[PDB]
């Protein structure tokens, strides 16, 4: 019947761990948990963090130490786990997990931040290209798909507090926002906007200006589903009172047979 999925950029898993991540996790009780920015060598993580009771866990670390990484905890045996799009440039930064849960594929993606370089804005845009290709291929083969994670782009003006101030800042460039339009036009739905059309709804806030108190944030974290599957979506929400990282978690609930 009901399956709950949570996505969370954790800005460091052992950092969030010292702040009581496990207490939060055991309280929230997702059936599947997607995490971005683990940043730790998974094989030397606390055992109580790798083996949480009732879950199987999967870590996909970057090649660079202390950088990126994603993880998934699941109560549902996956029938398959893939950790890349099959393009080495993109598959080495610890950004990709694709799990087969029979009814749907689950993509847990840490999409690149394009602020550091002109070439990281390029890397980002090309990761975007490669992701759309991958998901489209799986979808066109008859698979339902759920994509969650940190897209690193606010879509519409509704999705950041200062839209006009950032129109030349990565995360809100016309190029970036245009790809999300294109992504959607390929048959995918922004699930939060299926149920909530309000401004103010953010998932990231700068640590400075102490922006979170002020609610001066960006919606950088999304659950997307393919159109064909959108009737199984019952809930899509932001867990805005969950602290510990510069991102808050997002939740999805699907009703399934």
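C-alpha atoms forming the largest set that superposes within 1.5 Å between two forms make up the rigid core. Positions refer to the first chain, counted from 1.
Engineer: For a rigid core alignment of each structure in 4 other deposited structures of this protein onto the shown form, which stretch has the higher root mean square Cα deviation: 38-46 or 191-199?
Structural biologist: Per-stretch check in 4 other deposited structures of this protein: the more divergent one is 38-46.
Engineer: Taking RMS over all structures and residues, which stretch has CA atoms farther from the shown form in 4 other deposited structures of this protein, 126-134 or 74-82, after a rigid core fit?
Structural biologist: Of the two stretches, the larger average C-alpha offset in 4 other deposited structures of this protein falls on 74-82.
Engineer: Which has the higher mean CA temperature factor in the PDB entry, 196-204 or 55-63?
Structural biologist: Stretch with the greater average CA B-factor: 196-204.
Engineer: Mean C-alpha B factor from the entry: is it higher for 114-122 or for 138-146?
Structural biologist: The stretch with the larger average C-alpha B-factor is 114-122.
Engineer: Identify, among 95, 82, 162, 75, the residue whose C-alpha carries the highest B-factor in the deposited PDB entry.
Structural biologist: Among 95, 82, 162, 75, the PDB entry lists the largest C-alpha B-factor for 162.
Engineer: Among 186, 168, 152, 108, single out the one with the highest C-alpha B factor in the record, please.
Structural biologist: Comparing C-alpha B-factors across 186, 168, 152, 108, the maximum falls on 168.
Engineer: Classify residue 44 as lowest, middle or highest third according to the C-alpha B-factor given in the PDB entry, relative to its own chain.
Structural biologist: According to the entry, residue 44 has a C-alpha B-factor in the chain's highest third.
Engineer: Relative to the other modelled residues of the same chain, rank the CA B-factor of residue 3 and answer lowest, middle or highest third.
Structural biologist: Middle third by C-alpha B-factor.
Engineer: Tell me, lowest, middle or highest third: where does the Cα B factor of residue 226 rank within its chain?
Structural biologist: Lowest third, going by the recorded CA B-factors of the chain.
Engineer: Lowest, middle or highest third: where is residue 26 by C-alpha B factor in its chain?
Structural biologist: Residue 26: CA B-factor falls in the middle third of its chain.
Engineer: Classify residue 104 as lowest, middle or highest third according to the C-alpha B-factor given in the PDB entry, relative to its own chain.
Structural biologist: According to the entry, residue 104 has a C-alpha B-factor in the chain's lowest third.
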